[PDB]
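Only one structure is covered here, and it is reproduced in the block below.
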Amino acid sequence: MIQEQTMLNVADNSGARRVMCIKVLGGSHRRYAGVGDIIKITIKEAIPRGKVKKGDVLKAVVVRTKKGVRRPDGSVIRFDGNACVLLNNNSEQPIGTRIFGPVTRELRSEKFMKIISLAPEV
Amino acid sequence: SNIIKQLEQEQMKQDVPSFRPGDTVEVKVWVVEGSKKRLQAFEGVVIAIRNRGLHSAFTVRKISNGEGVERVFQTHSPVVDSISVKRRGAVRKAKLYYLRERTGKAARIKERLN
Amino acid sequence: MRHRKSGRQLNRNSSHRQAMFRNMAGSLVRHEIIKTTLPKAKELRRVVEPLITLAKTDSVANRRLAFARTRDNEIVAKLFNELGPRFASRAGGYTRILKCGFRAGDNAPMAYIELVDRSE
Amino acid sequence: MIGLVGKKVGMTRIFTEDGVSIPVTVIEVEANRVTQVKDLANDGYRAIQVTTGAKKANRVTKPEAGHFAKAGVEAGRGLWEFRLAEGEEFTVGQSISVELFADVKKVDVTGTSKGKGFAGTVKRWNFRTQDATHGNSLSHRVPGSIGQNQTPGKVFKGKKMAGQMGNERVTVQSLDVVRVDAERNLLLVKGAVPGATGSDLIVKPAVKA
Amino acid sequence: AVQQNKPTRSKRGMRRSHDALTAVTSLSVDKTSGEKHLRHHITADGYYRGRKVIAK
RNA sequence: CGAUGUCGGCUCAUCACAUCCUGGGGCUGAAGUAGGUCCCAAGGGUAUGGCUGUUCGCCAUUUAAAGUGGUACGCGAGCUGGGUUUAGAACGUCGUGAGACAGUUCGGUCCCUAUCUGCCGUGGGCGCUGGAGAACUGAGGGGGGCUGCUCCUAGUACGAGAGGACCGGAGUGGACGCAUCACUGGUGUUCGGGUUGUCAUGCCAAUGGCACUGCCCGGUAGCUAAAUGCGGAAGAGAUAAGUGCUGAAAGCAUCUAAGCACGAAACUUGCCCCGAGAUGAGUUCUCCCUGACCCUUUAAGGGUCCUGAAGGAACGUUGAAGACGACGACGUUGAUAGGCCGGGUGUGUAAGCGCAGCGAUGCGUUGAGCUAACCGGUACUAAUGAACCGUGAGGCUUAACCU
RNA sequence: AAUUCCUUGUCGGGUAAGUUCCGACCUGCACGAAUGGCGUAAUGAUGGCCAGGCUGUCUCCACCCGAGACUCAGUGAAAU
RNA sequence: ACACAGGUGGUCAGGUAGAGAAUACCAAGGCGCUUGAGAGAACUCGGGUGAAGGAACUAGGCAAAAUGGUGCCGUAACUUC
RNA sequence: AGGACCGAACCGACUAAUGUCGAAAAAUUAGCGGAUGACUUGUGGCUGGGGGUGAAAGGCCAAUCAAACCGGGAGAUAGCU
């Protein structure tokens, strides 16, 4: 459950380390983000050598939440600490070549094939 | 109810290996990948067990690469192939929710070995 | 909306509510009959009945649990020796509620909650 | 077509072979004997009157006991009515069973909802709670403004206010059927139906076919 | 929260209509004593349903 | 002017159409996608934030879109008091001065228990004409009506290419609304456990009181959402703007004059809900009551004696029903509530004794003991036999029917 | 600027976005030297602003324990 | 104005924990605040917990939460030292 | 040593909530500030109406103050209601 002003943990080594969601995309008057929705975020802190630095405003997609995604039977795969994978504005295509931590099967939507095919688990 | 209880016991799987909360449990779960019904594994520590007959469930906490995963499981589900206990853990408290904040050597528990 | 809830509040805090039955059950155990408020009588059945069924089989563990509740020695002495083994045949429903007019000071229904005994 | 009277008996779940769980509601539907067939000569409209369950032969009344004797069937609890579609005709004495719902796919479960009691305007009409600080005095969950001023000079009829929430008679539709048992007299429908465990449930096929 | 015009005997009279007291007149007769007691309540002498239960 | 509280915000809105979106069209300097503008249309929808007291506005990011307005520039006996518009104070400024400045800045008690109308709920009385118990019909009234994207059609039409549809169908989302706890959970001061201080139970032990439940770890039933289902419709009738056919007046021409046809989320039905107090009081079905008397102002009359049926109410046990009434269940020919039994769940290896250890403590007995509201049972307790209200076959006229 | 009307001056910082805040440029509507000028450690129930912590302040409320509200019994007001 | 949650100077001032006349539980000693009985709606008041998020609220972090003790290690800019 | 530091009694009264025909004609509750000093307090004095006192607000002087109260000028006067 990610609404605005939520601090996240950067899953990819694009350069960011701590980001904040400025607005949930995918509909009007939307409450919060979730599973694998697209969100427009800002970076609150980046590493000195990353591709991106502090102050940028670009898209992202959640991969791990503490709210947890629900399997079709009643199983949840809750995690510890919210995460996201950075993406370019116009092109979905992520920025980080490596992904730290697991992702979930619900993220598979062909545009995130690049992401799941760069996952260390699940 | 004579009806509700009847509708449950006919759907409950007969062989569920018993285990107290805290054991190192490995669970093989059926996973569906497009056109393949693969059987991926999941081994971790049980931190909670809910007994509700047919609606019974249990949780398993695995400290994966980087950050930890807390995955629950439906006991009487067709998705849960097998359940195997590795290390019979010894704790004297029902739910190990004090373990969600412990890490490293602080998280480890005692073996039963009675 | 209290759907399917149980346990009358009796216009008292948690402490006082528990504490009054501990004192009230003592009066019922000691005199075999009391005169209280009608709603207070109906709630006393939920406390005494266990304490009597608890006193069926006399032991070392039971004489402490019957002391953990009621906090008295004369109550535990009267139970387990005279009251306790006396209800041998009867299974539950040891007490009896009988309504009696109203309290002549505030108009509250009164009730004589007694045990099915008193053949002295 | 027609509907059948039932009783909600808790909720459970079914596990499909692939493992997908589906929330189902156990609806007992026993022998729905038909007491009165309504004719267009007496009524003008076409319908049937059924009953189910069984009451006590000391609690049932003389006026209604004669009604059952007029039909011949046993004195069941309650009496309901279902509309006919002109392509059917039932007989008095016919015991309509749950087997009629074998071919159906979507039904409209109808039942008396749970009595929420005299609820507040927040709990009832989904109002938004005002600020619980910053100086707010004696007003955190009230309805607030209920009108304009002098020009209207009155509260418009239909204004959402505090009233009896619940214990109404709602109709949940398009619930997909799952299993129809004739032996145990059951009916499994996906989703949650109205009413508490142990109330009536008029069950009829979907009008939105 | 203050009245504009005072009501009358007509208005004050209508409001007291439903607030009229009840009449029971269903006094029971005791099985043993044969006295008048309320329904389900004990008699003035402690007798109830025939059996003397208060022993007083 | 023997008082109409002033801006803005919160809350809650309802209405107009001069329409921001979605729906239907005409024209295009409309090839396509996408637009401009005009007409028809008010069913539904119609941002979140930064700065500002601001309405406003600029900015960032969205959205199908972020409409303009009325409603005392809606809304203080609903809230706020940040601004203006008290007394203190100071700055620039004006004045010799007290002081003054929609110039500025810091500070500054915002009253009310609702008789009436209105409105949301919910009963009592009576009527509906013999009384009662039910089941409906349905006049009429209310709710609901939003939409994105993806894919198929088809990368076809179109078009130098780049790009890239119409109509129609399917899938899956957001917001909103209704319902419900099976899963995920929160709560659960009535259940179990741990533990600090302390006082009491004579003391060890074991328990209990108090300290915000002492402080916390859990957690049943309910409740509930962040949880899970479901919904908006299709269609039909009659039309709007528009498109028409035939076709005169006016030999041609013309959608219109006669006549016939298509035509929108709008209107009326279709989907659910309330509903015969709809005094126009309707319909259907079943049930119960067919004793005599005197008077007479001989009136649809009065009063008494003999009978009081169906049924209602009352009292009780009460309830996933409820402020109180009301509504549902049950009242021994009993499963209504409590208790009891068993089970379930929770909690976690009681107590005692035995055993090892200098001791805290650990070990065995023992996953025992204790387990509130839950499930299935069992009359042990409490629902007493009765009395109360309600009557004795139901008016006048006329018509058609049986004698 | 507690002073600047024009003004949300302009530039830079901070924020994704800053009519307030911080450092400057002076074009001082109408600062300025004991109606004191400019600094200033410490101090402040002081004025404005930022960040960590922290949370039901809010997103959007949900449940629960008590005191009234509600019914019965006694006594019994007021503004108008 | 009252048998009014207010104001009224000095004195003695136990036990355990504790620096303490703080604070918590008790002693000596004195009390249950002169309306009660049910029910367990909205709403108000005083509180408790809270998923995910963490000032997005608002004029403003007002309020709540959080921090809190003893000993020890350690402690910047600036400074009237 | 200290108009020193933290902190009860004590004195004070910044925020917030309740209260607003209140329990109270400025209090309650939860937090605040000073707390060896220009501190605080008991007791008894002394200063008085254009006067007093005032670490100065036009505050305070018996719930009344940009000139108190009681009585008397006085039935002031009132182009006003």
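Chain labels follow the order of the structure tokens: the first chain is A, the next B, and so on; residue numbering restarts at 1 in every chain, and ligands are counted from 1 in their shown order.
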- Item | Interface list for chain D, partner chain A, 12 Å threshold, only C-alpha atoms, as a VMD selection string | chain D and resid 13 to 23
- Task: Give the strand (DSSP E or B) residues of region 111-180 of chain D, as DSSP finds them on the backbone, and put them as number ranges by chain.
- Result: D: 111-112, 115-119, 163-166, 169-171, 175-179
Dump N, CA and C atoms for the selected residues as a compact mmCIF listing (two decimals), in the first residue's frame?
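Result saved to part.txt:
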```txt
# COMPACT_ATOMS: atom_id res chain seq x y z
N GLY D 111 -32.13 -11.58 0.79
CA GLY D 111 -32.37 -11.86 2.20
C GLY D 111 -32.33 -10.61 3.06
N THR D 112 -32.94 -10.71 4.24
CA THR D 112 -32.98 -9.60 5.19
C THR D 112 -31.56 -9.37 5.72
N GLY D 115 -28.94 -6.31 11.15
CA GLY D 115 -29.37 -5.08 11.79
C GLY D 115 -28.24 -4.32 12.45
N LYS D 116 -27.72 -3.30 11.76
CA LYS D 116 -26.62 -2.49 12.28
C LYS D 116 -27.01 -1.57 13.44
N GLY D 117 -28.30 -1.47 13.72
CA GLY D 117 -28.75 -0.59 14.79
C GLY D 117 -28.85 0.85 14.31
N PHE D 118 -29.32 1.75 15.17
CA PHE D 118 -29.45 3.17 14.81
C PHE D 118 -28.04 3.72 14.65
N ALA D 119 -27.52 3.69 13.43
CA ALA D 119 -26.15 4.14 13.17
C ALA D 119 -25.95 5.61 12.84
N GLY D 163 -30.05 7.39 10.56
CA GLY D 163 -31.27 6.60 10.56
C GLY D 163 -31.02 5.14 10.84
N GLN D 164 -32.03 4.31 10.61
CA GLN D 164 -31.90 2.88 10.84
C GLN D 164 -31.07 2.23 9.74
N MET D 165 -29.79 2.03 10.01
CA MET D 165 -28.91 1.40 9.04
C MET D 165 -29.05 -0.11 9.24
N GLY D 166 -29.17 -0.85 8.14
CA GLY D 166 -29.30 -2.29 8.25
C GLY D 166 -30.69 -2.80 8.57
N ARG D 169 -34.02 -5.06 3.42
CA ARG D 169 -34.14 -6.25 2.58
C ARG D 169 -33.44 -5.99 1.26
N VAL D 170 -32.21 -6.46 1.15
CA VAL D 170 -31.40 -6.25 -0.04
C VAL D 170 -31.39 -7.43 -1.00
N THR D 171 -30.92 -7.17 -2.22
CA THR D 171 -30.85 -8.18 -3.25
C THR D 171 -29.48 -8.18 -3.91
N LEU D 175 -24.64 -13.90 -8.69
CA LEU D 175 -23.72 -14.78 -7.97
C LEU D 175 -23.61 -16.11 -8.72
N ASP D 176 -22.40 -16.43 -9.15
CA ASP D 176 -22.17 -17.67 -9.89
C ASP D 176 -22.31 -18.89 -9.00
N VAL D 177 -23.13 -19.84 -9.45
CA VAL D 177 -23.35 -21.08 -8.71
C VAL D 177 -22.10 -21.94 -8.79
N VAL D 178 -21.91 -22.81 -7.81
CA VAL D 178 -20.74 -23.68 -7.79
C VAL D 178 -21.11 -25.15 -7.72
N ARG D 179 -22.01 -25.50 -6.80
CA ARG D 179 -22.40 -26.89 -6.62
C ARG D 179 -23.83 -27.00 -6.10
```
- Note on the structure: Correct to one decimal, the distance CA of residue 104 (chain D)-CA of residue 180 (chain D) is 9.9 Å
Taking only C-alpha atoms (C1' of nucleotides) into account, find every residue of chain I that has an atom no more than 10 Å from chain D, and write it out as a PDB file with N, CA and C atoms (P, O5', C5', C4', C3', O3' and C1' of nucleotides), in the first residue's frame.
```
ATOM      1  P     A I  16      -4.202  27.674  22.403  1.00  0.00           P
ATOM      2  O5'   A I  16      -4.641  26.185  22.758  1.00  0.00           O
ATOM      3  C5'   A I  16      -4.234  25.089  21.922  1.00  0.00           C
ATOM      4  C4'   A I  16      -4.659  23.766  22.527  1.00  0.00           C
ATOM      5  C3'   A I  16      -6.076  23.685  23.068  1.00  0.00           C
ATOM      6  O3'   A I  16      -7.024  23.528  22.014  1.00  0.00           O
ATOM      7  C1'   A I  16      -4.590  22.645  24.588  1.00  0.00           C
ATOM      8  P     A I  17      -8.540  24.031  22.227  1.00  0.00           P
ATOM      9  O5'   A I  17      -9.214  22.840  23.043  1.00  0.00           O
ATOM     10  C5'   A I  17      -9.208  21.488  22.528  1.00  0.00           C
ATOM     11  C4'   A I  17      -9.628  20.526  23.618  1.00  0.00           C
ATOM     12  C3'   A I  17     -10.890  20.939  24.371  1.00  0.00           C
ATOM     13  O3'   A I  17     -12.086  20.547  23.691  1.00  0.00           O
ATOM     14  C1'   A I  17      -9.196  20.420  25.926  1.00  0.00           C
ATOM     15  P     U I  18     -13.427  21.416  23.876  1.00  0.00           P
ATOM     16  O5'   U I  18     -13.917  21.044  25.347  1.00  0.00           O
ATOM     17  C5'   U I  18     -14.230  19.687  25.691  1.00  0.00           C
ATOM     18  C4'   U I  18     -14.548  19.579  27.161  1.00  0.00           C
ATOM     19  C3'   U I  18     -15.621  20.520  27.687  1.00  0.00           C
ATOM     20  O3'   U I  18     -16.930  20.022  27.428  1.00  0.00           O
ATOM     21  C1'   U I  18     -13.755  20.572  29.138  1.00  0.00           C
TER      22        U I  18
END
```
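Relative to CA of residue 30 (chain E), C1' of residue 311 (chain F) is found at 27.5 Å.
When only C-alpha atoms (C1' of nucleotides) are used to compute distances to chain G, the closest of the residues D:103, D:28, D:39, D:131 turns out to be D:131.
Residue nearest residue 77 (chain G), chosen from I:27, I:52, I:10, I:21 and counting only C-alpha atoms (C1' of nucleotides): I:21.
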Tell me, counting only C-alpha atoms, for each residue of chain C within 12 Å of chain D, which pair of atoms is nearest and how far apart they are in Å to one decimal, in rows ordered by chain and increasing number, as a tab-separated table.
```
residue	atom	partner	partner_atom	distance
C:1	CA	D:117	CA	6.5
C:2	CA	D:116	CA	9.8
C:3	CA	D:116	CA	9.2
C:4	CA	D:196	CA	11.2
```
Take the residues just selected and output them with C-alpha atoms as an mmCIF file, in the first residue's frame.
```
data_model
loop_
_atom_site.group_PDB
_atom_site.id
_atom_site.type_symbol
_atom_site.label_atom_id
_atom_site.label_comp_id
_atom_site.auth_asym_id
_atom_site.auth_seq_id
_atom_site.Cartn_x
_atom_site.Cartn_y
_atom_site.Cartn_z
ATOM 1 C CA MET C 1 -24.039 -3.021 18.632
ATOM 2 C CA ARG C 2 -22.800 -6.055 20.630
ATOM 3 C CA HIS C 3 -23.912 -8.867 18.310
ATOM 4 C CA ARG C 4 -23.502 -12.231 20.068
#
```
